[PDB]
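In what follows, every chain begins at residue 1, and chains take the letters A, B, ... in the order their sequences are listed. No hydrogens, no waters, no symmetry mates; every other heavy atom, side chains included, goes into these values.
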Amino acid sequence: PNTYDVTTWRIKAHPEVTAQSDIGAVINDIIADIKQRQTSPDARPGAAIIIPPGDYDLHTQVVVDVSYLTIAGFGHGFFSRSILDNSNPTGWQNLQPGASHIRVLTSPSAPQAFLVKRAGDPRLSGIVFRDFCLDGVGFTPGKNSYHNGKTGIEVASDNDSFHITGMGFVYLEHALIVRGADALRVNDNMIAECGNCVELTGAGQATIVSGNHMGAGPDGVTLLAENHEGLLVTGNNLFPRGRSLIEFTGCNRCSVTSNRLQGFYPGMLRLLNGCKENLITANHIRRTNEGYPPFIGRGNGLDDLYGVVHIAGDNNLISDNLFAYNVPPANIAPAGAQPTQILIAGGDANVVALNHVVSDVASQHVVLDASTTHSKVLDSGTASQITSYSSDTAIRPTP
Amino acid sequence: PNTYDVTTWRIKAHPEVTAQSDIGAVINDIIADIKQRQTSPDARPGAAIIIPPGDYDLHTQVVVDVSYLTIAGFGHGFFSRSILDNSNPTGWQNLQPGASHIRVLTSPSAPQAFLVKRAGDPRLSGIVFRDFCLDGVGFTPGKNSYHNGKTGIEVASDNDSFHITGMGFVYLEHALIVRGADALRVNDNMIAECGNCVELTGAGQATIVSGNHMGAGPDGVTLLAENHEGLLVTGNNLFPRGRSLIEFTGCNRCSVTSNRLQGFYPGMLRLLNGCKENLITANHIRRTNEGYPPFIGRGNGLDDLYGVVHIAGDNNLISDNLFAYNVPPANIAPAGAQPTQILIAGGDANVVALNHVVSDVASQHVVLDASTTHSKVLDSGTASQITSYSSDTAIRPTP
Amino acid sequence: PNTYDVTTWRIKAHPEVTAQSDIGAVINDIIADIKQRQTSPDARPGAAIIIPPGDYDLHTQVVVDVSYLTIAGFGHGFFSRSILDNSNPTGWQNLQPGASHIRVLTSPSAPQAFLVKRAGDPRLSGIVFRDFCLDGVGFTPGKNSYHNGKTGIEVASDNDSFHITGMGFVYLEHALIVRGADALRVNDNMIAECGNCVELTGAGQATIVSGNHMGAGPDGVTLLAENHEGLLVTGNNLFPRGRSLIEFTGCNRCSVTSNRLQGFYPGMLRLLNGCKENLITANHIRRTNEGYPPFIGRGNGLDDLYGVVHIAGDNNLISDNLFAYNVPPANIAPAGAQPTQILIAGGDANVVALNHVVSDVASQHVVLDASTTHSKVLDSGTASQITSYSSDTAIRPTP
């Protein structure tokens, strides 16, 4: 009851249109049957759509407008298309992603493989996307462009209690997008080799993003949050080459703790457009130079004075973090300049304590620009590893 | 084998008593069939009971007395009954919780939808409750009373290695209760709009509570632990309006790290009745005033001198936490008083370091009561933001 | 499609060889059917093998050589064989592990129940092992030897994006072994009463080990990592009696945060053979004496001067940790000696800040060996609780 398997469900008016040829069409017809059956606002339990291990083409965009809809598979089936595209495939035993593998072949007019949205009142709630694979197949024009105009899962209407777990996103310009997320949970996912990984736009409340593996694109974001409050970002392993790895714009009282960050460019952690009262602590932050040839020489347009961690806001606490910076003097922007680990761009009352810096070159562990006021820097470097352009800054040397 | 679907299983002596009319009766008959079949202590594998997407009524309490029993659904199906009850339902497309939705309609004499217990020896082990929804339907007498005498899942016997994940608890006076929990794991659950969310009573060992979303009631607790040792509470997003968000009574050597806490009342984090050697660190603690009208004016009976964080015990380390306190002067109890962020009620050797406070009013960041001895306060406020009623307190100003 | 249930699948050449008699043989015949069918490198989605609740004997080793293979059950079914073996079974209602219970009865020539490996190019990817149980049945010659030569799951070839979750490992000499792990994820598992729990050998990158429950053997490791970079170990509850609880040899830039550690011996946390730039923070570290008689009197061969936390490497940051040490003066090695909480064995630039120690005896909170250089000790003890055998050490007294 209320359980479908995409492979057994035939579209009554279109019999040879299978999950293999257009799983998008199949799922839309299943949702149509669900709405068929559950007409009572007091009797709309939802359903579960199971996606068996296999290769499926999605040409038709799926519009999800029923609450408590669960689309689940048996695996994330990640596979590095990046390495395939920059390697010699001869004799290779696998050329593509697996598990419950959905190949997103969407048209410009309907980018998103899955678009969750509904008008009217009750906001959509309890939708679960899990254990399956969304593959963008390839990048266009350049095979290493991270561009292709496709999106995996996009939530455009205010939603409550959404759950996104065990997924596999690969080669999508935008993997996951969620606007107006409330009590959202994104955990235990593998999102990589995407232009953008997770985008929490609009605004948000009490959202949790943990246990995830993410890697974005030079012109994209890894984790982006817009006007969020109560966001918890923890236990994630964010690796190479978003323009940033964690980027908050105007979020307040959020927390970024117990994470592993590795980037090849300036500004891996960004608190922009006045983020207030956030906690960034117990994270491992490592900045280094791009090591895979296909991408050598590419950047995010920022120089090393932007800072590995860029803060623009008030009362944020950046502490108990370990900074490992290894970058060739020759790749450092501007020539002759000392890399900045933590830049307090503007804002009042920011506090920077117990931040260990390890760098191959002379570096300013903390820089407080002339816009800042009443900043606090404790045990984050010797007096000559700290630059204060303000005069009310209180500094305490790491002995 | 050993797999049942609640919708296909008929009760031999009672054929029209379905999962829809009394899933409680259905599951008890299934357990009776399991015991039927597995009579050998050396041959009791257990079984899995699957609950398909749907609306099911539970009138009969389920007594779970077999080890390794798995009851799973396809979704947590949370839905805010609170907002429905305080809104105008006209034209609303949903009026109820979804997914594998169980409506708890229990009688006073058997409160708990599920009661796990067994006499004799081997303690119950390996029981798993996952991916389904427990809904208390409503609150009684007042629609906003958070009272109804119903409980979702209750474990009354000593247990080992229990697993509670992906659940959805809503409108229950008591969502989950687990006595004598050992190696228990509560993770990735949505427990809200309940009088009480998670209650670990009796005593406990090496338990883990992480990745959860919890919201309780004014007269209830969000997360409560009794005489626990080795408890790890991490990566949880605890929001509004338990009387407390985290409450330990006499627990020793436990840890509360990387969490997001938001409360509307005094004492969100409580270490009572001599809790010893606990670590409270890397948490974002935000206290503010109740913002949803139906509940404006209700409290937990505590004043602002109780402290957002209340500690009564020895050798506890409260550090690297961010306190964001925004409360109207007029809502502050007692009139004229300065809100206390951290109150060290009694105890020896407590240590409070690197705790950033942000508040709209003059506040005492740390207060050491006259009962305290040998406390340590480092970088948690200026001398005038710190009150020590003891004389052996060692304090180091945030410069 | 591509979904198998071990109990329904007959081995054409050997019909009475069932999952109950040799699930190993059964799974190998299923993999053979998968390779039978998916012969195209461009069409190798993989499959799912479901293991129903039950008791299954594994005599034949399973060789997993297909990408995106998912083997899942309905439970971890943990059960303490240790307590059974040291107790009086009379009237016991359970004498064995449950759920999807696989009894590993492997022969010396093929130790591993599951051996994942493949030659040729693409590295194996997306393999998922979840929600089932691997039981070694017993220890041999001594019932409490933690030796039996059996291994649960072993990955011998370079792998990518493997996922190991919801598992139950019990009484195995080696529970899980994964060489050349990359973007690996080990989370939400119960690995205990095993000689060794998790062994990440060879080398590794961006691996995550979180939400796990682990307990090893006196002669084994709980969590071991070899030449790993980007490892995140967070939210785990590691309990008694590995020789160590966390042991890194030559790992760089890894992070161990928000964990609960409990050991009965010296060196519960070890950074050996030059581990550089690692973060060890926000962990609860509790060292005490063995309390279960069968094992009283057995050690790990190390004395109390090895330190609960042993660091040999450069630029590591050990901070915001709570040390609870309770050990009988008489069990302390060498007689008269003061236990060492943190020992900086060798290395340059290590930093030790805000580490609270609680112990029943006089103890040296931090000891910097004569090999160390430029170490930093802040707020981790009074001057007499700190021993520096170097002269360039910078120390700041906990007031």
Of all residues at least two apart in sequence or in a different chain, which pass the side chain to side chain contact (heavy atoms under 4.5 Å, CB included) check with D158(A)? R123(A)
Under 3.5 Å: donor-acceptor pair, side chain of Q96(B), backbone of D42(A): yes
Is the shortest heavy-atom distance from the side chain of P41(A) to the side chain of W92(B) under 4.5 Å? no
Could you check whether any side-chain N or O of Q93(B) sits under 3.5 Å from a backbone N or O of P122(A), counting only pairs where one atom can act as donor and the other as acceptor? no
Does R10(B) have more than 12 heavy atoms from other residues, nucleotides or ligands lying within 6.0 Å of its CZ? no
What part of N315(A) gets within 4.5 angstrom of chain B, counting heavy atoms only: side chain, backbone, both, or neither? both
Please state whether the side chain, the backbone, both or neither of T165(A) comes within less than 4.5 Å of a heavy atom of chain B. neither
Which one of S100(B), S80(B), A282(B) has the most heavy-atom pairs closer than 4.5 Å to chain A? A282(B)
Looking only at non-hydrogen atoms, find the nearest pair between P399(B) and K376(A) and report the distance. O-CE, 3.1 Å
Portion of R286(B) that has a non-hydrogen atom of chain A nearer than 4.5 angstrom: side chain
Can you tell me which portion of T7(B) sits under 4.5 Å from chain A's heavy atoms? Options are side chain, backbone, both or neither. side chain
Which of the residues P97(B), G91(B), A192(B), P89(B) is involved in the greatest number of heavy-atom pairs with chain A at under 4.5 angstrom? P97(B)
Is the side chain of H76(B) donor-acceptor paired with the backbone N or O of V128(A) at a distance under 3.5 Å, no angle test? no
Pairwise side-chain contact, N94(B) with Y68(A), heavy-atom cut-off 4.5 Å (strictly under): yes
With a 4.5 Å limit on heavy-atom distance, are the side chains of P52(B) and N2(A) in contact? no
Between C254(A), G235(A), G230(A), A394(A), the one whose heavy-atom pairs under 4.5 Å with chain B are most numerous: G230(A)
Counting heavy-atom pairs under 4.5 Å with chain B, which one of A43(A), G126(A), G211(A), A206(A) comes out on top? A206(A)
Does CD belonging to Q20(B) count more than 12 external heavy atoms closer than 6.0 Å? no
ring-ring contact (aromatic ring centres under 6.0 Å, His included) involving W9(B) - partner list, sequence neighbours excluded: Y4(B)
With a 4.5 angstrom heavy-atom cut-off, is it the side chain or the backbone of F239(B) that approaches chain A, or both, or neither? side chain
Side chain from CB out, backbone as N, CA, C, O: work out which of these in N252(A) comes under 4.5 Å of a heavy atom of chain B, or both, or neither. neither
Any donor-acceptor pair under 3.5 Å linking the side-chain atoms of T234(A) with those of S258(B)? no
Testing the basics here: between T3(A) and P53(B), what is the closest heavy-atom pair and its distance to 0.1 Å? OG1-CD, 3.6 Å
Side chain to side chain contact (heavy atoms under 4.5 Å, CB included) partners of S255(B), counting only residues at least two apart: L232(B), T257(B), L279(B), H284(C)
Interface residue of largest heavy-atom contact number with chain A, from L95(B), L322(B), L84(B), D188(B), under 4.5 Å: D188(B)
Counting only heavy atoms closer than 4.5 Å, note whether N259(B) contacts chain A via side chain, backbone, both or neither. backbone
Measure the CG-CZ distance between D160(A) and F79(B) for me, rounded to the nearest 0.5 Å. 9.5 Å
Should we count NZ of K276(A) as having more than 12 external heavy atoms under 6.0 Å? no
Contact class of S210(A) relative to chain B, heavy atoms under 4.5 angstrom: neither
Report the distance from atom CZ of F78(B) to atom NE2 of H163(A), rounding to the nearest 0.5 Å. 15.0 Å
Roughly how far, to the nearest 0.5 Å, is CD of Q262(B) from CD of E229(A)? 6.0 Å
Under the salt bridge (charged side-chain N to carboxylate O under 4.0 Å, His left out) rule, what do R396(A) and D379(B) come out as? Steps first, then yes or no, please. CA-CA 11 Å; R396(A) 180 174 73 207; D379(B) 313 316; 2.8 Å; yes
Less than 4.5 Å to any heavy atom of chain B: does that hold for the side chain of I280(A), its backbone, both, or neither? neither
In a check of side chain to side chain contact (heavy atoms under 4.5 Å, CB included) between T281(A) and each of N283(B), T281(B), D320(B), which one passes? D320(B)
Does this structure show an ion pair linking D55(B) with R44(A), if we count only N-O contacts that are shorter than 4.0 Å? no
Listed by residue number, which members of residues 351-361 of chain B have a heavy atom under 4.5 Å from any heavy atom of chain A? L354(B), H356(B), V358(B)
Whatever's closer than 4.5 Å to a heavy atom in chain A on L261(B) counts as neither
Pick from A183(A), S125(A), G46(A) with the largest number of heavy-atom pairs that fall under 4.5 Å of chain B: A183(A)
